[PDB]
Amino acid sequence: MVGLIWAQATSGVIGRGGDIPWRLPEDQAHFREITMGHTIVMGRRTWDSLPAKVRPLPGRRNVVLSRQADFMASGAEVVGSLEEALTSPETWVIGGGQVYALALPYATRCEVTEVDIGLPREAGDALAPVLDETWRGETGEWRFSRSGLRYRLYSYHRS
């Protein structure tokens, strides 16, 4: 099982300036629950976005995808191809935009947090991947984050 997990604005923006223009504590707990115990695969830029005191994320096989053969990610594995990282029963791709696109052929689940924030796409933004007709979606109710933004969870899946 390869799954993708991400939060996006209604516009599809997931990242800007190397970070994320919101923060939902409820989404971070949801992320931790879904990924805990499993492999997490991330692009090098997303590894960079994590503070050093946070990496690796605890209780998970942290895998960083990079083309630099000497890139050092302390506490993590660095692989040069996505296929290298798929040696566990559950693998969650945690971003960012480039790695979601690379991983989507392998994926049968997307746990998507839609954040009710009006955020026009700008040059250089990272974007959510486009899900084609093979994906079946189930939606939750709109909920209020304590940060003041509404959000809702979509669970997409396909055989």
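All residue numbers are counted from 1 along the displayed sequence. Only the largest set of C-alpha atoms that superpose within 1.5 Å between the two forms is called the rigid core.
Superposition on the core shows that, in 8 other deposited structures of this protein, the C-alpha atoms drift more in one of 16-24 and 134-142; this is 16-24. Root mean square Cα distance to the shown form, taken over structures and residues in 8 other deposited structures of this protein after a core fit, is higher for 47-55 when 47-55 and 107-115 are compared. Just going by the entry, 93-101 versus 26-34 on mean CA temperature factor gives the higher value to 26-34. Comparing 35-43 with 49-57, the higher mean C-alpha B-factor in the PDB entry belongs to 49-57. In this structure the maximum Cα B-factor among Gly140, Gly148, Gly12, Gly15 is found at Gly140.
Per the deposited record, the Cα B-factor of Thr113 falls in the middle third when ranked against the other modelled residues of its chain.
Per-chain ranking of the deposited C-alpha B factor places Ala7 in the lowest third. Ranked by Cα temperature factor within the chain, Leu131 sits in the highest third according to the deposited record.
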